[PDB]
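Next comes run_24.csv, with CSV, N, CA and C atoms.
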chain,number,residue,atom,x,y,z
A,1,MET,N,85.3,87.9,123.0
A,1,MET,CA,86.2,88.8,123.7
A,1,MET,C,85.8,90.2,123.5
A,2,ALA,N,85.2,90.8,124.5
A,2,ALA,CA,84.8,92.2,124.4
A,2,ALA,C,86.1,93.1,124.5
A,3,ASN,N,87.1,92.5,125.2
A,3,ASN,CA,88.3,93.2,125.4
A,3,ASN,C,89.4,92.6,124.5
A,4,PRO,N,90.1,93.4,123.8
A,4,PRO,CA,91.1,92.9,122.8
A,4,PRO,C,92.4,92.4,123.5
A,5,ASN,N,92.3,92.2,124.8
A,5,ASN,CA,93.5,91.8,125.6
A,5,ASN,C,94.7,92.7,125.3
A,6,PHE,N,94.5,94.0,125.3
A,6,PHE,CA,95.5,94.9,125.0
A,6,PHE,C,96.5,95.0,126.2
A,7,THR,N,95.9,94.8,127.4
A,7,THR,CA,96.7,94.8,128.6
A,7,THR,C,97.4,93.4,128.8
A,8,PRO,N,98.7,93.4,128.9
A,8,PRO,CA,99.5,92.1,129.0
A,8,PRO,C,99.4,91.5,130.4
A,9,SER,N,98.2,91.5,130.9
A,9,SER,CA,97.9,90.9,132.2
A,9,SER,C,97.9,89.4,132.1
A,10,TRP,N,97.0,88.9,131.2
A,10,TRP,CA,96.9,87.5,130.9
A,10,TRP,C,98.0,87.1,130.0
A,11,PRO,N,98.8,86.0,130.3
A,11,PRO,CA,99.9,85.6,129.4
A,11,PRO,C,99.5,84.9,128.2
A,12,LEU,N,99.5,85.7,127.1
A,12,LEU,CA,99.2,85.1,125.8
A,12,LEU,C,100.5,84.7,125.1
A,13,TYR,N,100.4,83.7,124.2
A,13,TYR,CA,101.7,83.1,123.7
A,13,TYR,C,101.8,83.2,122.2
A,14,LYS,N,102.7,82.4,121.6
A,14,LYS,CA,103.2,82.7,120.3
A,14,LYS,C,102.9,81.6,119.3
A,15,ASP,N,102.3,82.0,118.2
A,15,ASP,CA,102.0,81.0,117.1
A,15,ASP,C,103.3,80.7,116.3
A,16,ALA,N,103.2,80.0,115.2
A,16,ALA,CA,104.3,79.5,114.5
A,16,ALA,C,105.3,80.6,114.1
A,17,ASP,N,104.9,81.7,113.6
A,17,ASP,CA,105.8,82.7,113.1
A,17,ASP,C,105.8,84.0,113.9
A,18,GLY,N,104.9,84.1,114.9
A,18,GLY,CA,104.9,85.2,115.8
A,18,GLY,C,103.6,85.9,115.9
A,19,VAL,N,102.5,85.2,115.6
A,19,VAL,CA,101.2,85.7,115.8
A,19,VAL,C,100.8,85.5,117.2
A,20,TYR,N,99.9,86.3,117.7
A,20,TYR,CA,99.4,86.1,119.1
A,20,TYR,C,98.3,85.1,119.1
A,21,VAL,N,98.2,84.4,120.2
A,21,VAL,CA,97.2,83.4,120.4
A,21,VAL,C,96.8,83.3,121.9
A,22,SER,N,95.6,83.1,122.1
A,22,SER,CA,95.1,82.9,123.5
A,22,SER,C,95.1,81.4,123.8
A,23,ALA,N,95.5,81.0,125.0
A,23,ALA,CA,95.6,79.7,125.4
A,23,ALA,C,94.4,79.3,126.3
A,24,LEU,N,93.6,78.3,125.9
A,24,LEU,CA,92.5,77.9,126.7
A,24,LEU,C,92.8,76.5,127.2
A,25,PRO,N,93.2,76.4,128.5
A,25,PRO,CA,93.6,75.1,129.1
A,25,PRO,C,92.3,74.4,129.6
A,26,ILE,N,91.9,73.4,128.8
A,26,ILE,CA,90.8,72.6,129.1
A,26,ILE,C,91.0,71.7,130.3
A,27,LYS,N,90.2,72.1,131.4
A,27,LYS,CA,90.3,71.4,132.6
A,27,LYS,C,89.4,70.2,132.6
A,28,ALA,N,88.1,70.4,132.6
A,28,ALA,CA,87.1,69.3,132.5
A,28,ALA,C,86.0,69.9,131.6
A,29,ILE,N,85.1,69.0,131.2
A,29,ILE,CA,84.0,69.4,130.4
A,29,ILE,C,82.7,68.7,130.9
A,30,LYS,N,81.6,69.5,130.8
A,30,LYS,CA,80.3,69.1,131.3
A,30,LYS,C,79.4,68.8,130.1
A,31,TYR,N,79.3,67.5,129.8
A,31,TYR,CA,78.5,67.0,128.7
A,31,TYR,C,77.1,66.8,129.2
A,32,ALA,N,76.2,67.7,128.8
A,32,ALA,CA,74.8,67.7,129.2
A,32,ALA,C,74.0,66.8,128.3
A,33,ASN,N,73.1,66.0,128.9
A,33,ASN,CA,72.3,65.0,128.2
A,33,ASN,C,71.4,65.6,127.1
A,34,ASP,N,71.3,67.0,127.1
A,34,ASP,CA,70.5,67.6,126.1
A,34,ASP,C,71.3,67.8,124.8
A,35,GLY,N,72.6,67.7,124.9
A,35,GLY,CA,73.5,67.7,123.7
A,35,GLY,C,74.6,68.8,123.9
A,36,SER,N,74.3,69.9,124.5
A,36,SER,CA,75.2,70.9,124.7
A,36,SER,C,76.3,70.5,125.8
A,37,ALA,N,77.4,71.2,125.8
A,37,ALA,CA,78.5,70.9,126.7
A,37,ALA,C,79.2,72.2,127.1
A,38,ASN,N,79.5,72.3,128.3
A,38,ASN,CA,80.3,73.5,128.8
A,38,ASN,C,81.7,73.1,129.2
A,39,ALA,N,82.7,73.8,128.7
A,39,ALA,CA,84.1,73.4,129.0
A,39,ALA,C,84.6,74.3,130.2
A,40,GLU,N,85.1,73.6,131.1
A,40,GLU,CA,85.6,74.2,132.4
A,40,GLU,C,87.1,74.6,132.2
A,41,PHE,N,87.4,75.9,132.3
A,41,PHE,CA,88.8,76.4,132.2
A,41,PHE,C,89.1,77.1,133.5
A,42,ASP,N,90.4,77.1,133.9
A,42,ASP,CA,90.8,77.7,135.1
A,42,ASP,C,91.9,78.8,134.8
A,43,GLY,N,91.7,79.4,133.7
A,43,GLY,CA,92.6,80.5,133.3
A,43,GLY,C,91.7,81.8,133.2
A,44,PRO,N,92.0,82.6,132.2
A,44,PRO,CA,91.1,83.8,131.9
A,44,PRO,C,89.8,83.4,131.2
A,45,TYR,N,89.4,82.2,131.5
A,45,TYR,CA,88.2,81.6,130.9
A,45,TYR,C,87.4,80.8,131.9
A,46,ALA,N,86.1,80.9,131.9
A,46,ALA,CA,85.2,80.2,132.8
A,46,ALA,C,84.6,79.0,132.0
A,47,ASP,N,83.5,78.5,132.5
A,47,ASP,CA,82.7,77.5,131.8
A,47,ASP,C,82.1,78.2,130.5
A,48,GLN,N,82.2,77.5,129.4
A,48,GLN,CA,81.7,78.0,128.1
A,48,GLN,C,80.8,77.0,127.5
A,49,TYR,N,79.5,77.2,127.5
A,49,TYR,CA,78.5,76.3,127.0
A,49,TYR,C,78.5,76.4,125.5
A,50,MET,N,78.6,75.2,124.8
A,50,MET,CA,78.6,75.2,123.3
A,50,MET,C,77.4,74.4,122.9
A,51,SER,N,76.8,74.7,121.8
A,51,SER,CA,75.6,74.1,121.3
A,51,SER,C,75.9,72.6,120.9
A,52,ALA,N,74.9,71.8,120.9
A,52,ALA,CA,75.0,70.3,120.6
A,52,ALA,C,75.8,70.1,119.3
A,53,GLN,N,75.3,70.6,118.2
A,53,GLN,CA,75.9,70.4,116.9
A,53,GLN,C,77.3,70.9,116.9
A,54,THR,N,77.5,71.9,117.7
A,54,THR,CA,78.8,72.6,117.8
A,54,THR,C,79.8,71.7,118.6
A,55,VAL,N,79.3,71.1,119.6
A,55,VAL,CA,80.1,70.2,120.5
A,55,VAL,C,80.4,68.9,119.7
A,56,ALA,N,79.6,68.6,118.7
A,56,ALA,CA,79.8,67.4,117.9
A,56,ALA,C,81.0,67.6,117.0
A,57,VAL,N,81.3,68.8,116.6
A,57,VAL,CA,82.5,69.0,115.7
A,57,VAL,C,83.7,69.4,116.6
A,58,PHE,N,83.4,70.1,117.7
A,58,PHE,CA,84.5,70.6,118.5
A,58,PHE,C,84.7,69.8,119.8
A,59,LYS,N,84.1,68.6,119.8
A,59,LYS,CA,84.3,67.7,121.0
A,59,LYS,C,85.8,67.4,121.2
A,60,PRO,N,86.4,67.9,122.2
A,60,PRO,CA,87.8,67.8,122.5
A,60,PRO,C,88.1,66.8,123.6
A,61,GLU,N,89.1,67.0,124.4
A,61,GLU,CA,89.5,66.1,125.5
A,61,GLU,C,89.8,66.9,126.7
A,62,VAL,N,89.4,66.3,127.9
A,62,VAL,CA,89.5,66.9,129.1
A,62,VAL,C,91.0,66.7,129.6
A,63,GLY,N,91.6,67.8,129.8
A,63,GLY,CA,93.0,67.8,130.3
A,63,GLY,C,93.9,68.4,129.2
A,64,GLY,N,93.5,68.5,128.0
A,64,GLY,CA,94.3,69.0,126.9
A,64,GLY,C,94.4,70.5,126.9
A,65,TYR,N,94.8,71.0,125.8
A,65,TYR,CA,95.0,72.4,125.7
A,65,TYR,C,94.4,72.9,124.4
A,66,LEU,N,93.6,74.0,124.5
A,66,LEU,CA,93.0,74.6,123.3
A,66,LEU,C,93.6,76.0,123.1
A,67,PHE,N,93.6,76.5,121.9
A,67,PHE,CA,94.1,77.8,121.6
A,67,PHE,C,93.2,78.6,120.7
A,68,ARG,N,93.3,79.9,120.7
A,68,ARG,CA,92.5,80.7,119.8
A,68,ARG,C,93.4,81.8,119.2
A,69,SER,N,93.6,81.7,117.9
A,69,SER,CA,94.5,82.6,117.2
A,69,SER,C,93.7,83.7,116.5
A,70,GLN,N,94.5,84.7,116.1
A,70,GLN,CA,94.0,86.0,115.6
A,70,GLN,C,93.3,85.7,114.2
A,71,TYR,N,93.5,84.5,113.6
A,71,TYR,CA,92.9,84.1,112.4
A,71,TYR,C,91.5,83.6,112.6
A,72,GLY,N,91.2,83.4,113.8
A,72,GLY,CA,89.9,82.8,114.1
A,72,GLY,C,90.0,81.3,114.2
A,73,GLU,N,91.2,80.8,114.2
A,73,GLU,CA,91.4,79.4,114.3
A,73,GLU,C,91.6,79.0,115.8
A,74,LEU,N,90.6,78.2,116.3
A,74,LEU,CA,90.7,77.6,117.6
A,74,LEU,C,90.6,76.1,117.6
A,75,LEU,N,91.5,75.4,118.2
A,75,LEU,CA,91.6,74.0,118.1
A,75,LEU,C,92.2,73.4,119.4
A,76,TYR,N,92.0,72.2,119.7
A,76,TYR,CA,92.6,71.5,120.8
A,76,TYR,C,93.8,70.7,120.4
A,77,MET,N,94.9,70.8,121.2
A,77,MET,CA,96.1,70.1,120.8
A,77,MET,C,96.7,69.4,122.0
A,78,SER,N,97.7,68.5,121.8
A,78,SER,CA,98.4,67.9,122.9
A,78,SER,C,99.6,68.8,123.3
A,79,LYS,N,99.9,68.9,124.5
A,79,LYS,CA,100.8,70.0,125.0
A,79,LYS,C,102.1,70.1,124.3
A,80,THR,N,102.6,68.9,123.8
A,80,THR,CA,103.9,68.9,123.1
A,80,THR,C,103.8,69.7,121.8
A,81,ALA,N,102.8,69.5,121.0
A,81,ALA,CA,102.5,70.3,119.8
A,81,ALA,C,102.0,71.7,120.2
A,82,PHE,N,101.1,71.7,121.1
A,82,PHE,CA,100.5,73.0,121.6
A,82,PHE,C,101.6,74.0,122.0
A,83,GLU,N,102.5,73.6,122.8
A,83,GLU,CA,103.5,74.5,123.4
A,83,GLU,C,104.5,75.0,122.3
A,84,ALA,N,104.8,74.1,121.4
A,84,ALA,CA,105.9,74.4,120.4
A,84,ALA,C,105.4,75.2,119.2
A,85,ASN,N,104.1,75.1,119.0
A,85,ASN,CA,103.6,75.8,117.8
A,85,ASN,C,102.7,77.0,118.2
A,86,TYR,N,102.1,76.9,119.4
A,86,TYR,CA,101.2,78.0,119.8
A,86,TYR,C,101.5,78.6,121.1
A,87,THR,N,102.7,78.6,121.6
A,87,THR,CA,103.0,79.2,122.9
A,87,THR,C,104.5,79.7,122.9
A,88,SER,N,105.4,78.9,122.2
A,88,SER,CA,106.8,79.1,122.3
A,88,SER,C,107.3,80.0,121.1
A,89,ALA,N,107.3,79.5,119.9
A,89,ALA,CA,108.0,80.1,118.8
A,89,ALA,C,109.5,80.3,119.1
A,90,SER,N,110.2,79.1,119.2
A,90,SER,CA,111.6,79.1,119.6
A,90,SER,C,111.6,79.3,121.1
A,91,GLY,N,112.6,78.6,121.7
A,91,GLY,CA,112.8,78.7,123.2
A,91,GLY,C,113.3,80.0,123.6
A,92,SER,N,112.6,81.1,123.3
A,92,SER,CA,113.0,82.5,123.7
A,92,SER,C,111.8,83.3,123.9
A,93,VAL,N,110.9,83.2,122.9
A,93,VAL,CA,109.5,83.9,123.0
A,93,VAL,C,109.7,85.4,122.8
A,94,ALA,N,110.1,86.1,123.9
A,94,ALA,CA,110.3,87.5,123.9
A,94,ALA,C,111.7,87.9,123.7
A,95,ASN,N,112.6,86.9,123.8
A,95,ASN,CA,114.0,87.0,123.6
A,95,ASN,C,114.6,88.0,124.6
A,96,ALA,N,114.1,87.9,125.9
A,96,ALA,CA,114.6,88.7,127.0
A,96,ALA,C,115.9,88.3,127.5
A,97,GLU,N,116.5,87.3,126.9
A,97,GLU,CA,117.9,86.8,127.2
A,97,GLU,C,118.9,87.8,126.6
A,98,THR,N,118.5,88.3,125.4
A,98,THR,CA,119.3,89.2,124.6
A,98,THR,C,119.2,90.6,125.1
A,99,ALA,N,118.1,90.8,125.9
A,99,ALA,CA,117.8,92.1,126.5
A,99,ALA,C,117.8,93.2,125.4
A,100,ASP,N,118.1,94.5,125.8
A,100,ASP,CA,118.1,95.6,124.9
A,100,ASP,C,119.4,95.6,124.1
A,101,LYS,N,120.4,95.1,124.6
A,101,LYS,CA,121.7,95.1,123.9
A,101,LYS,C,121.8,94.2,122.7
A,102,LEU,N,120.9,93.2,122.8
A,102,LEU,CA,120.7,92.3,121.7
A,102,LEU,C,122.0,91.6,121.2
A,103,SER,N,123.0,91.5,122.1
A,103,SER,CA,124.3,91.0,121.7
A,103,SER,C,124.9,90.2,122.9
A,104,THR,N,124.0,89.4,123.5
A,104,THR,CA,124.5,88.5,124.6
A,104,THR,C,125.1,87.3,124.1
A,105,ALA,N,124.3,86.3,123.7
A,105,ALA,CA,124.7,85.1,123.0
A,105,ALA,C,124.1,85.0,121.7
A,106,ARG,N,123.3,86.1,121.3
A,106,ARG,CA,122.7,86.2,120.0
A,106,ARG,C,123.0,87.5,119.4
A,107,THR,N,123.0,87.6,118.1
A,107,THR,CA,123.2,88.9,117.5
A,107,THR,C,122.0,89.2,116.6
A,108,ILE,N,121.2,90.1,117.1
A,108,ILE,CA,119.9,90.4,116.4
A,108,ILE,C,120.2,91.6,115.4
A,109,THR,N,120.8,91.2,114.3
A,109,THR,CA,121.1,92.2,113.3
A,109,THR,C,121.8,93.5,113.8
A,110,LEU,N,122.8,93.3,114.6
A,110,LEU,CA,123.6,94.5,115.1
A,110,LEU,C,124.4,95.0,113.9
A,111,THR,N,124.3,96.3,113.7
A,111,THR,CA,125.0,97.0,112.6
A,111,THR,C,126.4,97.5,113.0
A,112,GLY,N,127.0,96.8,113.9
A,112,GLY,CA,128.3,97.1,114.4
A,112,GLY,C,128.3,98.4,115.3
A,113,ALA,N,128.5,99.5,114.8
A,113,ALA,CA,128.4,100.8,115.5
A,113,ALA,C,127.0,101.3,115.6
A,114,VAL,N,126.1,100.5,116.3
A,114,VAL,CA,124.7,100.9,116.5
A,114,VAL,C,124.6,102.2,117.3
A,115,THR,N,123.9,103.1,116.8
A,115,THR,CA,123.8,104.5,117.3
A,115,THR,C,123.3,104.4,118.8
A,116,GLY,N,122.4,103.4,119.1
A,116,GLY,CA,121.9,103.3,120.4
A,116,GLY,C,122.8,102.6,121.4
A,117,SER,N,124.0,102.4,120.9
A,117,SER,CA,125.0,101.7,121.8
A,117,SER,C,126.4,102.4,121.7
A,118,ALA,N,126.7,102.8,120.5
A,118,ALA,CA,127.9,103.6,120.2
A,118,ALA,C,127.6,104.7,119.2
A,119,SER,N,127.1,105.8,119.6
A,119,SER,CA,126.8,106.9,118.7
A,119,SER,C,128.1,107.5,118.1
A,120,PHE,N,128.1,107.8,116.8
A,120,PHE,CA,129.2,108.3,116.1
A,120,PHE,C,130.4,107.4,116.0
A,121,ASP,N,131.1,107.2,117.1
A,121,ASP,CA,132.3,106.3,117.1
A,121,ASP,C,132.6,106.1,118.6
A,122,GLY,N,133.6,105.2,118.8
A,122,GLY,CA,134.0,104.9,120.2
A,122,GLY,C,133.0,103.9,120.8
A,123,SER,N,133.1,102.7,120.4
A,123,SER,CA,132.2,101.7,120.9
A,123,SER,C,132.5,101.4,122.4
A,124,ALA,N,131.5,101.0,123.2
A,124,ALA,CA,131.6,100.6,124.6
A,124,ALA,C,131.3,99.2,124.8
A,125,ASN,N,131.8,98.6,125.8
A,125,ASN,CA,131.7,97.2,126.2
A,125,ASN,C,132.5,96.3,125.3
A,126,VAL,N,133.1,95.2,125.8
A,126,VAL,CA,134.0,94.4,125.1
A,126,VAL,C,135.2,95.2,124.7
A,127,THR,N,136.1,95.5,125.7
A,127,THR,CA,137.3,96.3,125.6
A,127,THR,C,136.9,97.6,124.9
A,128,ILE,N,137.2,97.7,123.6
A,128,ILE,CA,136.9,99.0,122.9
A,128,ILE,C,136.3,98.6,121.5
A,129,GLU,N,136.8,97.5,120.9
A,129,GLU,CA,136.3,97.1,119.6
A,129,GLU,C,136.5,95.6,119.6
A,130,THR,N,135.4,94.9,119.0
A,130,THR,CA,135.4,93.5,119.0
A,130,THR,C,136.4,92.9,118.0
A,131,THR,N,136.8,93.7,117.0
A,131,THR,CA,137.9,93.4,116.1
A,131,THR,C,139.1,94.3,116.4
A,132,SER,N,140.0,93.8,117.2
A,132,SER,CA,141.2,94.5,117.5
A,132,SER,C,142.4,93.7,117.5
A,133,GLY,N,142.5,92.7,116.6
A,133,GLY,CA,143.6,91.8,116.5
A,133,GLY,C,143.7,91.1,115.2
A,134,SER,N,143.6,91.9,114.1
A,134,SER,CA,143.7,91.3,112.8
A,134,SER,C,145.2,91.2,112.5
Full structure transcribed into structure tokens:
Amino acid sequence: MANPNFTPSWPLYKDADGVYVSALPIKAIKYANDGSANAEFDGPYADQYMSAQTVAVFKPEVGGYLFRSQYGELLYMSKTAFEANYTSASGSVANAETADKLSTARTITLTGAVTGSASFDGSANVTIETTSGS
């Protein structure tokens, strides 16, 4: 990767705790009789020829999914495991459900009178105060 994928054009997904990973969707593979094999991808990846001894350890499956993590760990997985450990990281990912308010159906460590929501005093949204009936 000459480019560090700084531009969020290609959708990169989420490892176990929130590390970034690239997803290499193995379409088909061309096993050449010389020993080397090129893996056909239809994402931000083309055919990639790998050396014979290399293809002998990294011989995967056509139709599966491979990933490449920032640790240098690249492996092929079944979509069920692949998606839940190297793409999802909880069924929210970017948590765009909570938006910027972060208090939709989730409470992302709201400090009550958050300055970016209610500066000084006088909270807005949800009547006037969430606790108004003790």
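Distances here use only C-alpha atoms; by that measure, the residue among A:34, A:16, A:65, A:71 closest to residue 53 in chain A is A:34.
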Atom C of residue 36 in chain A and atom C of residue 70 in chain A, how far apart in Å?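 Atom C of residue 70 in chain A sits 25.6 Å away from atom C of residue 36 in chain A.
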Assign secondary structure with DSSP using the backbone only, and return the residues of chain A in strand (DSSP E) as a VMD selection string. chain A and resid 13 to 14 20 to 31 37 to 41 48 to 50 65 to 69 74 to 77
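Here the DSSP assignment of helix (DSSP H, G or I), based on backbone atoms, applies within chain A to residues 52, 53, 54, 55, 56, 57, 79, 80, 81, 82, 83, 84, 85, 86, 87 and 88 of chain A.
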Point-to-point distance from atom C of residue 95 in chain A to CA of residue 82 in chain A, Å rounded to tenths: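 Separating atom C of residue 95 in chain A from CA of residue 82 in chain A is a distance of 20.8 Å.
Going from CA of residue 35 in chain A to CA of residue 58 in chain A covers 12.5 Å.
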Around the point (99.7, 79.8, 114.5) in the file's coordinates, collect all residues with an atom within 6 Å, using all atoms listed in the file, and return them as a list in words.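 Here is the list of nearby residues: residues 15, 16, 17, 85 and 86 of chain A.
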Using N, CA and C atoms, can you write the selected residues to a file as a short mmCIF file (atom, residue, chain, number, x, y, z; two decimals), keeping the file's coordinate frame?
data_model
loop_
_atom_site.label_atom_id
_atom_site.label_comp_id
_atom_site.auth_asym_id
_atom_site.auth_seq_id
_atom_site.Cartn_x
_atom_site.Cartn_y
_atom_site.Cartn_z
N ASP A 15 102.30 82.00 118.20
CA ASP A 15 102.00 81.00 117.10
C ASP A 15 103.30 80.70 116.30
N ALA A 16 103.20 80.00 115.20
CA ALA A 16 104.30 79.50 114.50
C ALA A 16 105.30 80.60 114.10
N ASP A 17 104.90 81.70 113.60
CA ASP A 17 105.80 82.70 113.10
C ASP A 17 105.80 84.00 113.90
N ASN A 85 104.10 75.10 119.00
CA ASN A 85 103.60 75.80 117.80
C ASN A 85 102.70 77.00 118.20
N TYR A 86 102.10 76.90 119.40
CA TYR A 86 101.20 78.00 119.80
C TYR A 86 101.50 78.60 121.10
#
Taking only C-alpha atoms into account, which of A:73, A:40, A:61, A:97 comes nearest residue 21 in chain A?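 For residue 21 in chain A, the nearest of the candidates is A:73.
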At a cut-off of 12 Å, using only C-alpha atoms, what residues contact range 1-11 of chain A? Leave out same-chain residues fewer than 4 positions from it and give the result as a compact mmCIF listing (two decimals) with N, CA and C atoms, in the coordinates of the input.
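Output file around_13.txt follows:
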# COMPACT_ATOMS: atom_id res chain seq x y z
N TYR A 20 99.90 86.30 117.70
CA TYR A 20 99.40 86.10 119.10
C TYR A 20 98.30 85.10 119.10
N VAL A 21 98.20 84.40 120.20
CA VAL A 21 97.20 83.40 120.40
C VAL A 21 96.80 83.30 121.90
N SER A 22 95.60 83.10 122.10
CA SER A 22 95.10 82.90 123.50
C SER A 22 95.10 81.40 123.80
N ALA A 23 95.50 81.00 125.00
CA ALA A 23 95.60 79.70 125.40
C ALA A 23 94.40 79.30 126.30
N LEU A 24 93.60 78.30 125.90
CA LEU A 24 92.50 77.90 126.70
C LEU A 24 92.80 76.50 127.20
N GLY A 43 91.70 79.40 133.70
CA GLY A 43 92.60 80.50 133.30
C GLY A 43 91.70 81.80 133.20
N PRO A 44 92.00 82.60 132.20
CA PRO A 44 91.10 83.80 131.90
C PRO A 44 89.80 83.40 131.20
N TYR A 45 89.40 82.20 131.50
CA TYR A 45 88.20 81.60 130.90
C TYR A 45 87.40 80.80 131.90
N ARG A 68 93.30 79.90 120.70
CA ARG A 68 92.50 80.70 119.80
C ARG A 68 93.40 81.80 119.20
N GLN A 70 94.50 84.70 116.10
CA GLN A 70 94.00 86.00 115.60
C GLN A 70 93.30 85.70 114.20
N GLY A 72 91.20 83.40 113.80
CA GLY A 72 89.90 82.80 114.10
C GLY A 72 90.00 81.30 114.20
N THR A 87 102.70 78.60 121.60
CA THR A 87 103.00 79.20 122.90
C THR A 87 104.50 79.70 122.90
N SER A 88 105.40 78.90 122.20
CA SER A 88 106.80 79.10 122.30
C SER A 88 107.30 80.00 121.10
N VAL A 93 110.90 83.20 122.90
CA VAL A 93 109.50 83.90 123.00
C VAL A 93 109.70 85.40 122.80
N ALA A 94 110.10 86.10 123.90
CA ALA A 94 110.30 87.50 123.90
C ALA A 94 111.70 87.90 123.70
Compile the contact shell of range 118-134 of chain A as a PyMOL selection string: residues with an atom at most 12 Å away, counting only C-alpha atoms, same-chain residues fewer than 3 positions apart removed. chain A and resi 101+103-104+110-115
